Each structure stands twice: as C-alpha cells, then as structure tokens.
Amino acid sequence: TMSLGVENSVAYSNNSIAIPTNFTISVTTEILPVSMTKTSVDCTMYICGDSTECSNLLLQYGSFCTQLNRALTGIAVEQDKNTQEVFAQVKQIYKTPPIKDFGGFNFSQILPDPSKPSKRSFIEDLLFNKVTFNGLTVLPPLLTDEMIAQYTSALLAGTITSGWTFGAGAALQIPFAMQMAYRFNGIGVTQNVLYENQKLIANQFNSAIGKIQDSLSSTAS
Amino acid sequence: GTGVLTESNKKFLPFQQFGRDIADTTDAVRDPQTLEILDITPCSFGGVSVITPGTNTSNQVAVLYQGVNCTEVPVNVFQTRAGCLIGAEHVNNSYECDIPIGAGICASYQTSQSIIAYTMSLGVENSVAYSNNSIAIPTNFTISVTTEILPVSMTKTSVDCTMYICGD
Amino acid sequence: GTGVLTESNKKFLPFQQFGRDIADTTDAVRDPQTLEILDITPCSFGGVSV
Amino acid sequence: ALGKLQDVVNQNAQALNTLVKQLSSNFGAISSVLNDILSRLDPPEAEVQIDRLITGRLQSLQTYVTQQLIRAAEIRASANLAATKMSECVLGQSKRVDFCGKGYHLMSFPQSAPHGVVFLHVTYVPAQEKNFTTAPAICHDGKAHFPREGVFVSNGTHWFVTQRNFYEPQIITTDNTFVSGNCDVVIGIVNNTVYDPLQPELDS
Amino acid sequence: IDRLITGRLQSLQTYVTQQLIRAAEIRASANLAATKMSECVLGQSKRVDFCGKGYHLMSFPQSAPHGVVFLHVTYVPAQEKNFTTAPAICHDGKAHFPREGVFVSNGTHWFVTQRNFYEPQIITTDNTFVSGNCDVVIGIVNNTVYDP
Ligand SMILES: *[C@@H]1O[C@H](CO)[C@@H](O[C@@H]2O[C@H](CO)[C@@H](O)[C@H](O)[C@H]2NC(C)=O)[C@H](O)[C@H]1NC(C)=O
Ligand SMILES: *[C@@H]1O[C@H](CO)[C@@H](O[C@@H]2O[C@H](CO)[C@@H](O)[C@H](O)[C@H]2NC(C)=O)[C@H](O)[C@H]1NC(C)=O
Ligand SMILES: *[C@@H]1O[C@H](CO)[C@@H](O[C@@H]2O[C@H](CO)[C@@H](O)[C@H](O)[C@H]2NC(C)=O)[C@H](O)[C@H]1NC(C)=O
Ligand SMILES: *[C@@H]1O[C@H](CO)[C@@H](O[C@@H]2O[C@H](CO)[C@@H](O)[C@H](O)[C@H]2NC(C)=O)[C@H](O)[C@H]1NC(C)=O
Ligand SMILES: *[C@@H]1O[C@H](CO)[C@@H](O[C@@H]2O[C@H](CO)[C@@H](O)[C@H](O)[C@H]2NC(C)=O)[C@H](O)[C@H]1NC(C)=O
Ligand SMILES: *[C@@H]1O[C@H](CO)[C@@H](O[C@@H]2O[C@H](CO)[C@@H](O)[C@H](O)[C@H]2NC(C)=O)[C@H](O)[C@H]1NC(C)=O
Ligand SMILES: *[C@@H]1O[C@H](CO)[C@@H](O[C@@H]2O[C@H](CO)[C@@H](O)[C@H](O)[C@H]2NC(C)=O)[C@H](O)[C@H]1NC(C)=O
Ligand SMILES: *[C@@H]1O[C@H](CO)[C@@H](O)[C@H](O)[C@H]1NC(C)=O
Ligand SMILES: *[C@@H]1O[C@H](CO)[C@@H](O)[C@H](O)[C@H]1NC(C)=O
Ligand SMILES: *[C@@H]1O[C@H](CO)[C@@H](O)[C@H](O)[C@H]1NC(C)=O
Ligand SMILES: *[C@@H]1O[C@H](CO)[C@@H](O)[C@H](O)[C@H]1NC(C)=O
Ligand SMILES: *[C@@H]1O[C@H](CO)[C@@H](O)[C@H](O)[C@H]1NC(C)=O
Ligand SMILES: *[C@@H]1O[C@H](CO)[C@@H](O)[C@H](O)[C@H]1NC(C)=O
Ligand SMILES: *[C@@H]1O[C@H](CO)[C@@H](O)[C@H](O)[C@H]1NC(C)=O
Ligand SMILES: *[C@@H]1O[C@H](CO)[C@@H](O)[C@H](O)[C@H]1NC(C)=O
Ligand SMILES: *[C@@H]1O[C@H](CO)[C@@H](O)[C@H](O)[C@H]1NC(C)=O
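Listed in order, the protein sequences are those of chains A, B, C, D and E. Here the first sequence stands for residues 693 to 824, 852 to 940, numbered as in the deposited numbering. Here the second sequence stands for residues 545 to 619, 638 to 673, 686 to 742, numbered as in the deposited numbering. Residue numbers for the third sequence follow the deposited numbering, so the first one is 545 and each next one is one higher. Residue numbers for the fourth sequence follow the deposited numbering, so the first one is 941 and each next one is one higher. Residue numbers for the fifth sequence follow the deposited numbering, so the first one is 990 and each next one is one higher.
Next comes the structure, spelled out in structure tokens:
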C-alpha cells in the first residue's frame, strides 16, 4: 500500500512563527507540447489508389472526401496558429549585446550559439538531440526550427536586457541586477536582499543552469 | 506495383526476393533474371495549392506542388522545402509573411507587379542598448483601446434522426 | 414530395420546371397543366417538449 | 477583425449544408430517393438498397454529430476563456500580462456580438523612452540607500528617485529611500547626498 | 470493392476523429504554453505554481521539437528558524501593527522583519502603524517602539 509522503507535523502554536533565513534560486523545467505534425491525407489515393473503377464507386459517397480533407487542413492551420501564438509574442527581434555583463549571471548555456550553423542555444541543442507515402503526406511547418530559435533568442534577449517591459511595449534597457531586484520586490522580498547577495544568487543560478544541463543530457524521460 | 525502380545498395540475402518496411509495402525487389536489387520509390505525388492575391487585386497566380522535386512537374520555378513553386519570382529581400507557403517561405504580390516568394522576416531587428548602468524610463504614455473577439456560443441545432434518415 | 403549395412570385424561365436551393431540395415547381409557379414549403413539424 | 465570429458561423452553416447534401447521395443504392425505390421495387427487393441508404445517412449523421461535439468543445473552451476575461478584465483589473490586451491593463468593456462577445481592452502603453544612468543604491553616510518605491536615475549630474513606469524625477530624500547595510557589499553603488527633510526644520 | 471502400472510409474517419481530438488537446496545451510565455516570460507571475514551484523570479523559453521548454527560475526559502510572534505591540497604550512584515522575538528582543526572509530590524514608528487602544487585539504583547 503506497505511502503518500513523509508524515510531517507542523510545529504550530498560537504564538510561534517560522521565518526563513536563506533561499535557493531553483531553476525547474516545464516541457509543453505546442504543435503536432501537419499531415494531409489524400482521400482518393488512400481509399482507391490508382483505380478508375474504385474511384467511380467512391464517387457515390457524397462529400466525404471534402470534409475529411477540410478537417485535416483545419488541423494543420491550427498547428501553424499554435506555434505562431506561442512563440511570435515579440514584435521586434531583440538581440543581446556583445558585452555579456549581466551582474554575474551566466546565460551562455541558453543564449544563441553563433558557432553552430543554426543560431540555437546549447540547451536547445540538447533538447533537439534527445527528442527523436500511400496517399499520406507530411506537410512541413511554416516556422522552421531556425525561425523558432530566432524567436526564442529574441524573447531571451528582451527579457534579459529589459525586464518585463518589452512585453508591454517599447523595450526599455535596464541592468539585469536591477531587473532581478524588481523581481525580488515582486515576490515580497525587499530589493536590498538581491544587492547584498548578488554573488551568491549568481552562483546559485549558474549551478542550477548546470544541473538543468546535466538532467537534460542524462535522463531522457 | 507502380513506382520508380532505382539501383540499390541493400544487401539482400540469397534466398530473399522482396523487401518490405513498417507499412509492409514493397520497398525493394530483386530482378528475377539478373540477380540485382532494386529500390522502389513511390511515384511522385502531392497536393497542388494556388498562391493567389485577391482576384479583386489581380488574376495572376502561382502554383505550389507540395513536397515534389522540381523535376517531375510538366513545366519561374523555385525549389523550396515546401515543394515546387511555379509562377513566383524568388526575392532575396525579406519582408513580413503575407501568404504563408511553408518552410519559412511566404509569397506576396508586389512590384509589372508579380508574385514574389521570400524567406519570411520575423519582424524588425532591434538591438537593445543594454549596459550595466543604463535604464530607459518612459516619459509619456498612450491609452490604447484594443479589441478582443471571442466566440461564446454556436447555433443550437437539433436533428430529427428519424425524419432525416427516413423522411416520411 | 410532401408539403404546402403556395402562390409564388418567382420568375421562372419558360423552360425551367423546378426550383432548387443550396439544400438541393425542390423549393418551387411549375404546375404542368396551368403554367404557374408554386412554392413548396415543408409541412410544419418540430420537437414536442413538456 | 470579426472573422473569429464570422468563421464560426460559416463552419456551422457549412456542416448543415453538407449534411443536407448527404441526402442526395446514392451510397451504393440504385437511387438517392426513398420514394422512388419504394415505387419502383417491391419491399423484398427495395429493402436491400434501403439498407445501404439508411446506413449511409446514419453514418453521415454520426459524423455530423461527432464533429459538432468537437466544435462545441472548442466553443466551450472559448466561452470559458470569455467568462474568465469578463470576470478578470471587466469585473476587475487583471495583473496578468497580455491576458487583457498588450500593454498594462487599465480596464475592459464588454460588447455583445452575434454568437460571441467583444472586449474593448483599454490598456496603458508607455511611449517616449529616455536614457538615464542608474545605480542600484546610494551612499550618504556609509549606509547604502535603496529606493522604497522607484529607481535611482541620473540626467548626468544629479540623482533622482523616479517611479519605474513613468519618468517623474524627485529629489532623493530619506522618505524615498531606506537603508540596509553598508556600501562595501553592493555592486554598482554610487555616492550622492541624500537630502534629509528634518535637518532644515531643526536648523530653524 | 464495396466492402473494401466501406472499411477504408471507416478507417479514415476514425483516424481523422482521433486526430481532431488529439489536436484539441494539443491546442489546449498550446494555449497554456502561450499563457505561460505571456505571463512567466514576458512578466512576473503571482499565480502560485503556475511558473514553477516557489516564488517565480523569471522564465526562459527554449524551443524543442514540437514544443517549448520553460526554465522557471524561482525563489525557494531554505533555512527556517522559529520565533515568538505578537500580532501587535503596545508602547503607550496604543496597539502597533507592522506596516509590511511581522513581529518576531529572538527570546528577549522584538524585531519587525519582512515575511519571506529574516532581516530583523529595531521596531520604530516608521516600521509600524497604530490602530486603536490595547484592549482588543488578542495575543498583543508589551514592548517599546523606538521613536527617531
Ligand atoms: C558560463 O558557463 C560556461 C560553461 O558552463 C563557461 O564556459 C567555460 O569557460 C571556461 C573558462 O576558463 C572554460 O575553461 C570551460 O571549458 C568553458 N566551458 C564550456 C562548456 O564552454 C563560461 O566561462 C561561463 N561564463 C561566465 C561569464 O562565467
Ligand atoms: C545560504 O545558503 C547558501 C547555500 O545555498 C550558502 O552558500 C554556501 O556557503 C557555504 C559556506 O558558507 C559555501 O561552502 C558554499 O560554497 C556556498 N554556496 C554557494 C552556492 O554560494 C550561504 O552561505 C547561506 N547563507 C546564509 C546566511 O545562511
Ligand atoms: C505626451 O504625448 C501626448 C500625445 O500622445 C502629447 O500631447 C500632444 O501634444 C502636442 C504638442 O503639445 C499636441 O500637438 C497634440 O495635440 C497632443 N496630443 C493630444 C492627444 O492631446 C503630450 O504633450 C506629451 N507630453 C509630454 C510631457 O511629452
Ligand atoms: C539635471 O537636472 C537638474 C535639475 O533639473 C538640472 O539642474 C538645474 O538646471 C536648471 C536649468 O536646466 C537650472 O535652472 C537649475 O538651477 C538647476 N538646479 C540644480 C540644483 O542644479 C541639471 O542642469 C540637469 N543636467 C542635465 C545634464 O540635464
Ligand atoms: C564614495 O565616498 C567614499 C568616502 O566618502 C570613498 O571612499 C574612499 O575611497 C578611497 C579609495 O578607495 C580611499 O582612499 C578613501 O580613504 C575613502 N574614504 C573614506 C572616507 O573611507 C569612495 O571611494 C567613494 N566612491 C566613489 C565611487 O566615488
Ligand atoms: C537577541 O538579539 C539581541 C539584539 O540583536 C541580542 O542583544 C545583543 O546581545 C549581545 C550579546 O553578545 C550584545 O553584545 C549586544 O550588545 C546586544 N545588543 C543589544 C541591542 O542589546 C541578544 O543577545 C539576542 N538574544 C538571543 C537569545 O538571540
Ligand atoms: C502592559 O503594560 C500595562 C501597563 O504598563 C499592563 O497593564 C497593567 O496590568 C496590571 C496587571 O494586570 C494592572 O495591575 C495594572 O493596573 C495595569 N496597568 C495598565 C496601565 O494597564 C499590562 O498588563 C501589560 N501587558 C502585559 C502582557 O504584560
Ligand atoms: C536467363 O537469365 C540468366 C541471368 O543472367 C542468364 O545467365 C541466362 O543466359 C538466361 N538464359 C536464357 C535462355 O535467356
Ligand atoms: C479591392 O480591394 C480594395 C482594397 O484591398 C478595396 O478598396 C476595393 O473596394 C476592392 N474592390 C472590390 C470590388 O471589392
Ligand atoms: C531534386 O533532384 C535533383 C537531382 O535528382 C537533386 O540534386 C536535388 O537535390 C533534388 N531536390 C531536393 C529538394 O532533394
Ligand atoms: C541572392 O543572393 C545570393 C547570395 O547572397 C545569390 O547567389 C543569388 O543569386 C541572389 N539571388 C538573386 C535573385 O539575386
Ligand atoms: C390542357 O391544359 C391546358 C392548360 O391550360 C388547357 O389550355 C387545355 O385546354 C387542356 N386540354 C384539355 C383537353 O383539357
Ligand atoms: C540610449 O543610448 C544608446 C547609445 O548607443 C542609443 O543607441 C539609444 O537610442 C539610447 N536610447 C534611446 C531611447 O534613444
Ligand atoms: C559596468 O561594466 C564595466 C565594464 O564592462 C565596468 O568597468 C563598470 O565598473 C561596470 N559598472 C557597473 C555599475 O556595473
Ligand atoms: C521549531 O520548534 C519545533 C518544535 O518541536 C521543532 O521541531 C523545530 O525543529 C524548531 N525549528 C527548528 C528550525 O529547529
Ligand atoms: C496560546 O495557547 C496557550 C495554551 O497553552 C494559552 O495559554 C495562550 O493564552 C494562547 N495565546 C493566545 C494569544 O491566545
């Protein structure tokens, strides 16, 4: 009989409060399917492949072919719309400056890699590597892997160099240290914490990124 | 069968006469007279779409044969990963996507005017002037009233199954 | 067919007999004896709820 | 713009048309009209073709009902989204980003439409950006000062503490800033006078 | 051929229906991913566990074959210490409540600290606001509020 978790009585008393004296900057991963392969099926070729008599017999079934083809075409257009909605949320393709001074934070593992022929980040390369004709045709996506990589790179550059501002309108530059100070103010922790523990936070963030790299590289589940 | 027979590198065993795949369709064969292996490829086929600017704008159209090499078409020919596009003038300049053909290629009717297919542009590049001691603050605002249209309900249709199938 | 025949204002051409629609169902007819156009309406029917 | 609604309409209409057109198909029967088959064949012979007609029409009905269920699920998802926006964009102010339109959300107004709703999202979009030199904190008496609400900016020579979403520079006073720690820890911290309102009052 | 066509059309219809349902599921996931991009990446989310377990600091997108991977950077408190807490404090017969924070005690002295991190501070009239007398609040304690 499976256990639901370790029993843990909270030491509750009407005048006892536990306050945290430290923190960890945990980088977790969440994978979301966005689109499915665009496939179109030729009704006549599949059902009556190269047969005039079969095609004539199939003609009597009314508008089955048109409705099946319309359904598949709608699904394919839906896939294109899904990708466009998810990724094309940035009006202008921002790019990070050549000088990488982000307050000690190290984004080299997620910023685009010029070395690879495709401008794709290191962790993006890991993700791509880990994931793997009878009237059925597999249409290609409108946005190639290169274009989706460009969109994600634009999103990352905008985020890093401008905080949340680029989502509201014109992207406003801002030091990433001050951006993180604002992020801390958002969660109810004063900003002086970030300034006073900037090096510690940067080290924790870099270690978390490394752990993400290792987890993606090792476990494919 | 019907297909394209080509010279094959497959190492058929002496006793084997055919080669199948996951679909169980004949993927390879052995010539009965001369014992040489031949790969069978499906005869080229694919959808035919029509990139057309609004007829109100122009009657000139381009034809896309999806996923077919530009060699099997009878007869201003562009070979993109989406397929063979005939009637579109390839342009190196990149603009926003107008009529998405696919594989990053979009075709638009533009300047005499013709249909030009191009690698669609992902908006305008904009290098943020980032530095560790520079913040851009907005000195003004604009109250933008946008619109968001959402379907809420659809037609309430009932069908008299008996009457429809067996009317009177 | 089954339905209600009503006097119609449709301008049938001399050689045209029936009048169809997107449903591809006979909406109008020409009375073969007296050359007049009659609209055909399906006999009234509908769900009966309580 | 209204396509989202118009599209929907067409879809439904299209389906009905298709359904009706399926009444004019043979499905393998001698004719597409039951009355013709009944009048031209005896029941023992007619039933054979009527079976094909009935099976075809029933299959068409099942296809229509299945696709209608799928489309109704899609419309139910969109209607739940519309109810969420009515609750959060209209009946309140949504702090969620891009949920009630691009830019900071001020308010929203509902407007009916044929088989749909339309939200006019009034949002606030900053327009005119000005560069400034910014510092995370400020040192006055060795104590690092951080802004309570706002950010330290400089027009080149003087330091002001301005709210983040609208450039409204203000003198840097102890009311605007709070101290935490000394100035040997922060990176990018700077020196500047932090005006004290109480000093002149005590002077006089 | 009648039987073959009927069977193959049934197979095609089954395939297309399964595809429609699977595509509806994928579109639900795509809408969720667009929401996460809008609210976690393009902004900081207050919604709990929406952008990772913890207090969301930021998110980073990464394309993957037919999907998006969000790296959610979150703030998780680590080492917690017990303290004795008083809802208010009485200095001159008027209850004092913390403007933004909580009252804690390390055994003898009383501090007012932000709620999600231990940064104790000497209680002063700037850290606290007064409301009413000292005969209503339950659990209130006695202490001095430093006056600058
Ligand atoms: C960011 O991290 C990467 C690796 O995670 C660092 O790249 C390493 O740089 C050192 C420099 O001495 C080399 O010896 C290593 O071989 C590099 N590793 C890899 C995988 O390239 C990079 O230096 C870090 N950037 C910052 C600013 O700390
Ligand atoms: C908060 O926790 C972090 C660890 O998450 C502490 O940082 C570590 O400190 C030890 C010794 O103090 C070092 O050996 C480690 O290398 C540090 N790790 C990192 C990532 O910097 C930190 O000291 C703790 N701070 C407090 C106030 O408890
Ligand atoms: C902020 O922008 C608004 C426009 O969005 C400015 O108002 C305009 O000012 C010019 C010149 O004074 C007028 O010609 C326009 O008619 C004004 N527009 C409107 C809608 O009234 C405003 O002056 C700007 N303010 C600042 C401080 O830059
Ligand atoms: C930065 O702003 C300050 C404050 O507005 C400017 O100082 C004032 O400048 C005006 C003229 O623009 C004078 O009339 C005031 O007497 C100045 N006051 C003080 C306290 O200096 C300063 O000139 C601005 N500097 C720049 C480079 O824009
Ligand atoms: C800000 O002011 C402090 C003191 O007012 C400066 O500290 C001086 O630093 C120099 C060089 O490090 C030392 O020689 C002095 O002895 C320091 N003074 C004191 C009183 O300790 C500090 O350098 C200034 N910072 C900036 C950026 O101007
Ligand atoms: C609770 O905190 C107070 C203040 O932080 C501590 O009081 C200090 O105790 C040390 C003992 O070495 C003295 O040197 C300081 O002068 C005291 N400061 C003040 C302002 O009185 C107190 O010791 C702490 N007690 C516990 C149990 O944590
Ligand atoms: C806080 O202080 C007040 C007064 O300094 C205490 O109230 C006194 O309580 C005693 C015993 O209950 C009475 O004899 C006095 O008459 C009270 N005086 C006043 C002015 O109220 C109160 O009990 C203290 N609270 C705690 C928790 O110790
Ligand atoms: C039959 O084909 C084989 C294959 O090479 C050949 O060697 C042989 O001479 C042929 N015989 C005749 C009678 O054609
Ligand atoms: C053709 O399109 C233009 C704009 O695209 C429009 O102004 C014009 O009225 C249209 N013509 C017709 C006949 O619809
Ligand atoms: C089309 O065929 C030619 C020659 O057979 C080949 O070089 C070319 O790569 C083919 N096109 C594609 C897209 O594979
Ligand atoms: C486009 O540019 C490439 C190299 O940049 C060149 O080889 C090609 O001929 C150009 N095409 C046209 C139509 O000018
Ligand atoms: C037949 O019908 C026409 C229609 O009006 C009529 O004119 C004619 O007299 C009819 N003939 C006979 C024999 O009743
Ligand atoms: C800030 O300065 C940089 C310096 O290169 C400039 O490119 C940028 O346009 C400036 N910001 C604005 C809003 O003009
Ligand atoms: C910014 O970076 C430059 C070098 O890139 C350095 O000299 C300067 O001290 C830094 N200043 C701040 C406030 O980070
Ligand atoms: C707080 O008190 C409870 C009471 O048993 C104890 O279990 C817990 O360990 C204490 N907190 C810490 C951080 O030790
Ligand atoms: C907390 O509970 C204890 C029971 O041990 C009680 O004596 C005390 O008065 C309670 N405190 C408050 C503020 O109710």
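Where is the CB? At the ideal position from N, CA and C, for every residue including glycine.
Closer than 7 angstroms to a non-hydrogen atom of ligand 15 - does that hold for the CB of residue i?
i, result
"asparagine 1071 of chain E", "yes"
On a CA-only basis, which of the options is nearest residue i? Give me that one, please.
i, options, result
"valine 726 of chain A", "E:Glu1014, E:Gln1033, E:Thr1113", "E:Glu1014"
"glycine 907 of chain A", "E:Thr1117, E:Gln1103, E:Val1119, E:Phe1118", "E:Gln1103"
"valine 1062 of chain D", "B:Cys587, B:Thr716, B:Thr693", "B:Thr716"
"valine 1058 of chain E", "A:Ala889, A:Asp817, A:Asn922", "A:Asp817"
"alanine 1053 of chain E", "A:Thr871, A:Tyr704, A:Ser807", "A:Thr871"
"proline 1137 of chain D", "D:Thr1117, D:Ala1012, D:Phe1092", "D:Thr1117"
"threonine 880 of chain A", "A:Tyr786, A:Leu750, A:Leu760, A:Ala780", "A:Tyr786"
"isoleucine 711 of chain B", "D:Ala986, D:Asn1095, D:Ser1144", "D:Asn1095"
"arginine 997 of chain D", "A:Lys822, A:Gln752, A:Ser747", "A:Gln752"
"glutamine 954 of chain D", "B:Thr729, B:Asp660, B:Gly664", "B:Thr729"
"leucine 855 of chain A", "A:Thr720, A:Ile709, A:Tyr738", "A:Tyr738"
"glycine 547 of chain B", "A:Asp742, A:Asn922, A:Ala890, A:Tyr704", "A:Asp742"
Which residue or residues does DSSP assign as beta-bridge partners of residue i?
i, result
"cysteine 1123 of chain E", "BP columns for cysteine 1123 of chain E are empty, so no partner."
"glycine 1056 of chain E", "A:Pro725, E:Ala1053"
"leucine 582 of chain C", "C:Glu551, C:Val573"
Note down the Cα distance separating residue i from residue j, rounded to an integer number of angstroms.
i, j, result
"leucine 579 of chain B", "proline 558 of chain B", "9 angstroms"
"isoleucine 994 of chain E", "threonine 995 of chain D", "14 angstroms"
"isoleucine 802 of chain A", "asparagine 707 of chain B", "23 angstroms"
"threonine 1114 of chain D", "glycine 697 of chain B", "45 angstroms"
"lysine 961 of chain D", "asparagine 638 of chain B", "41 angstroms"
"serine 926 of chain A", "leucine 1031 of chain E", "24 angstroms"
"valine 733 of chain B", "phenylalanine 640 of chain B", "49 angstroms"
"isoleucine 566 of chain B", "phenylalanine 852 of chain A", "12 angstroms"
"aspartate 571 of chain B", "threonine 863 of chain A", "30 angstroms"
"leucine 919 of chain A", "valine 857 of chain A", "49 angstroms"
"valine 1093 of chain D", "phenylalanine 1086 of chain D", "12 angstroms"
"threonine 824 of chain A", "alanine 939 of chain A", "11 angstroms"
"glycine 888 of chain A", "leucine 549 of chain B", "58 angstroms"
"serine 1034 of chain D", "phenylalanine 1106 of chain D", "20 angstroms"
"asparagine 714 of chain B", "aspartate 793 of chain A", "29 angstroms"
Looking at ligand 2, does it come within less than 7 angstroms of residue i, judged from the CB to the closest heavy atom?
i, result
"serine 926 of chain A", "yes"
"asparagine 911 of chain A", "no"
Is any non-hydrogen atom of ligand 11 found closer than 7 angstroms to the C-beta of residue i, if you look at the structure I gave you?
i, result
"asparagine 638 of chain B", "no"
Using only the heavy atoms of ligand 12, determine whether one of them is closer than 7 angstroms to the beta carbon of residue i.
i, result
"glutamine 561 of chain C", "no"
Does the Cβ of residue i lie closer than 7 angstroms to at least one heavy atom of ligand 14?
i, result
"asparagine 613 of chain B", "no"
Consider the C-beta atom of residue i and the heavy atoms of ligand 13; say whether any pair is separated by less than 7 angstroms.
i, result
"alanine 1019 of chain D", "no"
Flag residue i as yes when its Cβ comes closer than 7 angstroms to any non-hydrogen atom of ligand 9, and as no otherwise.
i, result
"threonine 601 of chain B", "yes"
Would you say the beta carbon of residue i comes nearer than 7 angstroms to a heavy atom of ligand 6?
i, result
"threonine 1102 of chain E", "no"
Shorter than 7 angstroms, the distance from the beta carbon of residue i to the closest heavy atom of ligand 16, or not?
i, result
"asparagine 916 of chain A", "no"
Just checking residue i against ligand 10 - is the residue's beta carbon closer than 7 angstroms to any of the ligand's heavy atoms?
i, result
"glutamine 1051 of chain E", "no"
"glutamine 641 of chain B", "yes"
Test item, CB below 7 angstroms from any non-hydrogen atom of ligand 3:
Ordered along the chain, the selected set is B:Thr713, B:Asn714, B:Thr716, D:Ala1067, D:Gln1068.
Which residues, in chain order, sit with a beta-carbon under 7 angstroms away from any heavy atom of ligand 5?
D:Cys1079, D:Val1130, D:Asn1131
In chain order, what residues have a CB nearer than 6 angstroms to some heavy atom of ligand 11?
B:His652, B:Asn654
Beta-carbon distances below 5 angstroms to any heavy atom of ligand 6 define the shell here; list its residues in chain order, please.
E:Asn1095, E:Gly1096, E:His1098
Check your reading: residues with Cβ closer than 7 angstroms to ligand 8 heavy atoms:
This criterion selects B:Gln577, B:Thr578.
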